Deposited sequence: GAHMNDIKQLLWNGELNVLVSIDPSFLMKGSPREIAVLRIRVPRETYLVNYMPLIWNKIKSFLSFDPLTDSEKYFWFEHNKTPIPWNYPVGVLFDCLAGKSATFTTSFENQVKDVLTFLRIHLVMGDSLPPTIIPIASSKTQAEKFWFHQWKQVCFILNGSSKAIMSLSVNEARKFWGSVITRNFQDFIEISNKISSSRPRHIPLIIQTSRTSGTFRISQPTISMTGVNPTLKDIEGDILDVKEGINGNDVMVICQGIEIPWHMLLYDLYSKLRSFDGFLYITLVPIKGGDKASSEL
């Protein structure tokens, strides 16, 4: 059922190897300082781990805490403002005394010339919450036609909503997310992306009306395929999704923790 499925997504979790570039550290500091081996939920943001990072390297920093900070994967800038699982799917591709280790390698970097479209890691401890709540405000509007449902939550209710993401309180998350919208969607909050690993990466947020209709993924093939296509596998929440899958079902069950349903397109052959 739905909640069982949502519980599986909530329990989603990855092995993440974080490396701190020497640029942040004092020449000669212990190896263990620049490395963190952690478990990170698919439904969260990498930025929620800055406190953990800072607390470990504080005593060995190479500066007094005008450079910018951001994450990278194999020398390629990676946006912190997407759920970790979505970043993973984008990097994994078809991947959806010797063993296969499934993990995400992340490197904390600094610099003066902030990379294109990259939102730097802030010192403002409400950066993620502010961005995330703004995500849900858009979602409420997309789903209900208005943002009334979310604006009506008490201030503490909204804080409790974000709080559940940090504490992993499934009950609270389900409680508030459902309150924002539990009716049938007017439109679907859908984001479509390709790979950040292979080829020319692209992302789109097509407008998809749901009033009086019940489209399948195939039905919206016009938003998924490009002009050149007029050989694509759809990956959502790290798994393969059939073309006959109903969009309402997909959204209502597999949407991410920021309220948006994300699909990753990967070449089959």
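**Student:** Enumerate the deposited-sequence segments absent from the coordinates, judged by C-alpha atoms, in order of position.
**Tutor:** Unobserved in coordinates, per deposited numbering: 1 to 2, 68 to 71, 103 to 111, 246 to 249, 289 to 297.
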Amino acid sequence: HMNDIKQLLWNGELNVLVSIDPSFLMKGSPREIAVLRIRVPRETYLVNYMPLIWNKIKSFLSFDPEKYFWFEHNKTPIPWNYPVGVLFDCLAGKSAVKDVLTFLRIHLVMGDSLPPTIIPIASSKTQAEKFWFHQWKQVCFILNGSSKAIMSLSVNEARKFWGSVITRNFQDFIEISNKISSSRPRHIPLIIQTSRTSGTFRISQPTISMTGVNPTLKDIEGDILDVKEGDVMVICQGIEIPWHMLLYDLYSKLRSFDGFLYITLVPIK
From here on, numbers count along this sequence of modelled residues.
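**Student:** Where do the C-alpha atoms have the higher mean temperature factor in this entry, in 77 to 85 or in 139 to 147?
**Tutor:** Higher mean C-alpha B-factor: 139 to 147.
**Student:** Of 68 to 76 and 194 to 202, which one has the bigger average CA B-factor?
**Tutor:** Per the deposited B-factors, the answer is 194 to 202.
**Student:** Going by the deposited entry, which of 112, 157, 175, 129 has the highest CA temperature factor?
**Tutor:** Top of the list by C-alpha B-factor: 112.
**Student:** By the CA temperature factor listed in this entry, which of these ranks top: 218, 39, 31, 42?
**Tutor:** Most elevated C-alpha B-factor of the set, per the entry: 31.
**Student:** What third of the chain does residue 21 rank in for C-alpha temperature factor, lowest, middle or highest?
**Tutor:** Residue 21: CA B-factor falls in the highest third of its chain.
**Student:** According to the PDB entry, is the CA B factor of residue 264 in the bottom, middle or top third of its chain, that is, lowest, middle or highest?
**Tutor:** Its C-alpha B-factor, which the entry lists for residue 264, ranks in the lowest third among residues of this chain.
**Student:** Classify residue 229 as lowest, middle or highest third according to the C-alpha B-factor given in the PDB entry, relative to its own chain.
**Tutor:** Answer is highest: the recorded C-alpha B-factor places it there.
**Student:** Ordered by C-alpha B-factor within the chain, which third holds residue 235? Give me lowest, middle or highest, please.
**Tutor:** Answer is lowest: the recorded C-alpha B-factor places it there.
**Student:** Lowest, middle or highest third: where is residue 120 by Cα B-factor in its chain?
**Tutor:** Middle third - that is where residue 120 ends up once the chain's C-alpha B-factors are sorted.
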